[PDB]
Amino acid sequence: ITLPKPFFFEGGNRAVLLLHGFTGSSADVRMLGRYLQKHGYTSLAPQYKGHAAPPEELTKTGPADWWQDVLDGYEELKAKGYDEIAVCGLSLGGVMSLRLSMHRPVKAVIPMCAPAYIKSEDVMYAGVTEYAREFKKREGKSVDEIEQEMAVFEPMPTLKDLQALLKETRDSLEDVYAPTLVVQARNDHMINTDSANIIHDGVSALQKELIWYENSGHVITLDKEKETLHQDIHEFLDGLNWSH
């Protein structure tokens, strides 16, 4: 199985930190990164600990690890000399983008299909087992091989910390001052889509907008309205107060 690695795509002086989703990878934001590169923007996509790896590694990690990966990616951009950084993320990546805007200076925040409601731990964990099965099926494992491995698959007690991160972020949205573009797929079966209104309504940012994508599902970057999303993000980024 060929695992996605992190990326850094050079464009101009203007930088965007691209954050993937829970069980996702840099693959979730690679086409957006390429689009941005072609239009003047530099991007860097980190990957979270336990992701782009066998699923048994994922259950040994938690949001304390993933949050440090976000900060490490932000810091890598500033270490390369990019002092103006917008932050854009998919699902959990959108939550990490909002949290990052509360902790570090960012030019803008673009949460895409970010969850702002709290699902039961067993529903979250069921998403991790679906993920593990689909990984093992991409490994060409037999249905017996997959069932044997899933029968010893360990719990993930850090999902309760992931619930806490969602709740803290929802409860602290007034702390977001940076210009905010909320992106939300209409046909999202993975989160409560009202989260888009919670986030849009909750941030203190004067400069904010909510765009609904009427023919897309949760993984909006990979779906049929990705082209429109790219242009919408591009126009938003171009209207920001960049030094040059």
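A residue's number is simply how far along the shown sequence it sits, counting from 1.
S.K.: On mean Cα temperature factor in this entry, is 120-128 or 136-144 the higher one?
M.R.: Averaged over C-alpha atoms, the B-factors run higher in 136-144.
S.K.: Tell me which stretch, 230-238 or 17-25, has the higher mean Cα B-factor listed in the entry.
M.R.: The deposited B-factors put 230-238 ahead on the C-alpha mean.
S.K.: Specify which of 210, 191, 185, 206 carries the largest Cα B factor in the deposited PDB entry.
M.R.: When the deposited C-alpha B-factors of 210, 191, 185, 206 are compared, 206 is largest.
S.K.: How does the C-alpha B factor of residue 34 compare with the rest of the chain: lowest, middle or highest third?
M.R.: Middle third, going by the recorded CA B-factors of the chain.
S.K.: Residue 74: which third of its chain by C-alpha temperature factor?
M.R.: For residue 74, whose C-alpha B-factor we compare with every modelled residue in the chain, the answer is the lowest third.
S.K.: Can you tell me whether residue 57 has a C-alpha B-factor in the lowest, middle or highest third compared with the other modelled residues of the same chain?
M.R.: Middle third of the chain for residue 57's C-alpha B-factor.
S.K.: By the record's CA B-factor, is residue 215 among the lowest, middle or highest third of residues in the chain?
M.R.: As the PDB entry reports it, the C-alpha B-factor of residue 215 lands in the highest third of its chain.
S.K.: Please rank the C-alpha B-factors of the chain's modelled residues and tell me whether residue 102 sits in the lowest, middle or highest third.
M.R.: It belongs to the highest third of the chain when residues are ordered by C-alpha B-factor.
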